[PDB]
Amino acid sequence: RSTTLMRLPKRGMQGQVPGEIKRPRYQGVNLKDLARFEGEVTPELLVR
Amino acid sequence: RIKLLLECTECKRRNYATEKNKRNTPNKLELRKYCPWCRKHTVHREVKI
Amino acid sequence: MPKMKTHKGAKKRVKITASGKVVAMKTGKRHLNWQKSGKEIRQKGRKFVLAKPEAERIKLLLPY
RNA sequence: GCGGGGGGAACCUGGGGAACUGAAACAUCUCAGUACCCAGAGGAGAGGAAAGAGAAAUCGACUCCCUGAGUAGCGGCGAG
RNA sequence: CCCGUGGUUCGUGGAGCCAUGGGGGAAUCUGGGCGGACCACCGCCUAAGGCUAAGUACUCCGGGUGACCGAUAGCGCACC
RNA sequence: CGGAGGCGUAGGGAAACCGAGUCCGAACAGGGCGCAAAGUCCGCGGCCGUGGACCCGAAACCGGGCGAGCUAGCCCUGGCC
RNA sequence: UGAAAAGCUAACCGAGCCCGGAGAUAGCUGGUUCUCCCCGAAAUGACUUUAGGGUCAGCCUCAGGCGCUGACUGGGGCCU
RNA sequence: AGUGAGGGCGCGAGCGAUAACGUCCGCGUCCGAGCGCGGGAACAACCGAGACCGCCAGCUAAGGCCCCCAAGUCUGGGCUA
RNA sequence: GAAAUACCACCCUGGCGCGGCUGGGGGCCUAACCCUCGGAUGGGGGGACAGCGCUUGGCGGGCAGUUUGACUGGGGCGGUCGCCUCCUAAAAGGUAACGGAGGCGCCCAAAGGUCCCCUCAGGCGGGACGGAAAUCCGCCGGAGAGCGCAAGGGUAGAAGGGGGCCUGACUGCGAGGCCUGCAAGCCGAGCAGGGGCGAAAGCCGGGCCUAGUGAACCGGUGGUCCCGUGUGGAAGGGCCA
């Protein structure tokens, strides 16, 4: 019951611009190092 | 198909607006008016088959 | 073993906010006939009907 | 002077290959390359060193397990 | 490479690669298919021969274990 | 003990993306929010989806075989009226 | 096959019999099992190749929270 | 989670012949699904009445009291025969 | 004269010249192929045909596999199946019935805007071409004539009759409500851009309103200028109209 406007065509290989929601709040509230953390150091980080 | 055929308005190459219309009485005669999103309002014209 | 949404559904609009809801193009009428015209064409935001949109939901649950 | 042939519960490769039921009808579709007829190598064959992957100036035989998403997608884009 | 078809998550599609039934019909490493229908790029691999081990399958047959069965359940079949 | 993962951990959009903001948009007007009000895992259990899924129940369709001492036919060959 | 009615085709072939898909399919009928305790359904709506079926609406039950909000009654507007 | 069809009675319109234990809709009750007791002879839905279980207890509905069967063959005043 | 004439330029028409492309058809062979010979691997008849391989278009029950609706005081044949209006809905609203009735599946380019004016049929009385009924005069009138189209509502304190000027029958949108379980369909102040009718107090996001209507898929066109399966583009494709 309804046309549509979302079409995901004949394929399988998309690009990227990595949208991982991370929070300066978890960070500074209590799990960080106020200057250098980097994606690399975020394991524990609940944003990966 | 009856004296009722559907046309629509387009404006001086800077847009096109729509709406149906007819055929009967003054047939073709088709300037009209209307305003596109071109500029802020603007003539438009109409015609367009 | 895994069910997986009326993929179809997920596809044909059919969208969810993990909050607890979904929507489809207003889809009230539009993008079809319409020797309609204007003001009428005012209906293309988005929409959602409650109650019913459960089946939708659990069919989907797993991805979309 | 050799060889085969003849078997064999199931597994196995290729050969050829179907309606139901679903799609609450049903003709694309579906079950499916599934059931079954066959030929044949085994003790297991199958595949097995890349005109591959994949895009990072990267990997590196083939096979099987977990994951890869049931997403990427295939479609009277419907059952599936 | 033209159409006639198989594969493949592809059911006809902008639909690629391998694969063949018809007609055409060649290149030796400036070679030639492959990433993007296709065109200009870079990149990739080296095709149209050959051999086999090892890790998943299978259960005739043997051994063993069973919040698996007791004679109308268990294999139907515990014994000419 | 094995730490490829999948679920959380903002999301808003067809996307480009932006980002707790956001798409429409030239519109300061609405809808997805923001709002954590943490889930995530193990179990036990009401419960669907696929699998025959309370149980036995049909006309029949399809595959491979089984039979002319079944029966009718036709062939060969004696006999009897 | 068939001096053909739809005949006979291992004792009832209008499309044989055994095994197989398969435990086909079955909105239709049957059948649907210890005790006791609470509540208490509807047997109507809406569109449906549905119409003895079904999706959503109406009524029910168990759990959270609101917690004086309810049928009905008094009274006073403004509706028939 | 279950019914997705049901009937009866009263009133109000259809219809039908203003016929039917007909069928259409609505207000109510109903009966199923409790509606198992009284009851009217006995009778799912007509008047009474809600049965958690006892009583060799008493008051009552409806509707009853010559008898068959609990209860005045009461009293009072008539009118039919 | 519409043109001017030599001799040198290019370019055409041509019914005929010639040349490259290719379409149509008529003749014994011949060696593949077929039948072949008649007692031999050599002869004979046919032979570029049709046999035959593949692709082409078309006849085509002979065959196959499906389907050929629901309602309805049985089935079928008959009716009928979407929407508006009136009755019965019994006075809120709101409900069957093979219950009564009766319309629509158009359009109106200007019946779409606004400013300015006007104001019925019909009764009567008097009148040229009349002449039951035009056209004009004279009175009278809960407005019963009127409003494309059916009914019903409304309603000339006109939505109705006439003139002027004009496009909003605008995009962006809407708060908050009608009804409805679904989706529907429907009502709308006000903010923005932008105009149009008056000088303006303001009306205009189609009509006087209740019927002229159709999901979803699929695909088209006018965008856009979002995506592109290494990158540039592109087949192709996402949202708008």
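Per the PDB record, this model was obtained through cryo-EM at a reported resolution of 5.00 Å.

S.K.: Looking at this model, I keep getting lost on the arrangement of the chains. Mind explaining?
M.R.: By contact count, the leading pair among the two pairs of chains in contact is chains A and C. There is a gap between chain A and chain B: no contact, and a shortest C-alpha distance of 21 Å.

S.K.: I would appreciate a short explanation of the interface of chain A and chain C in the present structure.
M.R.: Contacts between the two partners involve seven residues from chain A, matched on the other side by nine residues from chain C. Across the interface of chain A and chain C, roughly 700 Å² is buried in total on both sides, 55% from carbon and sulfur atoms. In terms of surface lost to chain C, no three residues of chain A exceed A:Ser2, A:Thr3 and A:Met6, which account for 60% of the buried area on that side. At the junction of chain A and chain C, the tally comes to zero salt bridges. Where chain A meets chain C, there are five residue pairs in polar contact. Classifying every residue of the side of chain A that touches chain C gives three nonpolar, three polar and one charged.

S.K.: Looking at this model, I keep getting lost on the protein's contact with RNA strand I. Mind explaining?
M.R.: Taken together, 49 residues sit near RNA strand I, with A:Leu5, A:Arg7, B:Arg23, B:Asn24 and B:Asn27 positioned nearest. Counting only the atoms of RNA strand I within 4 Å of the protein, the fraction contributed by sugar and phosphate is 78%. Between RNA strand I and B:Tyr34 there is a distance of 2.4 Å, counted from a phosphate oxygen to a backbone nitrogen or oxygen. The contact in question runs from a phosphate oxygen of RNA strand I to an N or O atom on the side chain of C:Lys39, over 2.9 Å. Contributing elements (two or more residues each) for the surface near RNA strand I: strand 1 (4-11), strand 2 (16-23) and strand 3 (32-34) of chain B. The biggest single contributor to the surface near RNA strand I is strand 2 of chain B, with five residues. Residues that form the surface near RNA strand I fall into these classes: 14 nonpolar, 14 polar and 21 charged.

S.K.: In this structure, what is going on with the interface of chain B and chain C? I would like to understand it.
M.R.: Much of the literature gives interface size as the accessible area that the parts lose upon coming together. Listed per partner, the contact involves four residues of chain B and four residues of chain C. Summing the contributions of chain B and of chain C, the shared interface buries around 350 Å²; its carbon and sulfur component is 52%. Ranking the residues of chain B by area buried against chain C places B:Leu6, B:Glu19 and B:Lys20 at the top, with a combined share of 90%. For the pair chain B and chain C, the number of links is zero salt bridges. Across the chain B-chain C interface, the total number found is one residue pair in polar contact. At three residues, strand 2 of chain B tops the list of elements feeding residues into the side of chain B that touches chain C.

Rules used throughout
Residues numbered from 1 in each chain as written, not as in the entry; some residues may be left out. Chains lettered and ligands numbered in written order. Part of a larger assembly, values for the part shown. Heavy atoms only, no water. Contact = heavy atoms within 4.5 Å. Buried area = accessible area lost by both parts, 1.4 Å probe. Salt bridge = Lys/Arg side-chain N within 4 Å of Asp/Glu carboxyl O. Polar contact = N/O pair within 3.5 Å; in protein donor to acceptor, adjacent residues only side chain to side chain. Nonpolar A, V, L, I, M, F, W, Y, C, P; charged D, E, K, R; others polar. Near = heavy atom within 4 Å. Helix = DSSP H or I, 4+ residues; strand = E, 2+ residues; numbered from the N terminus.

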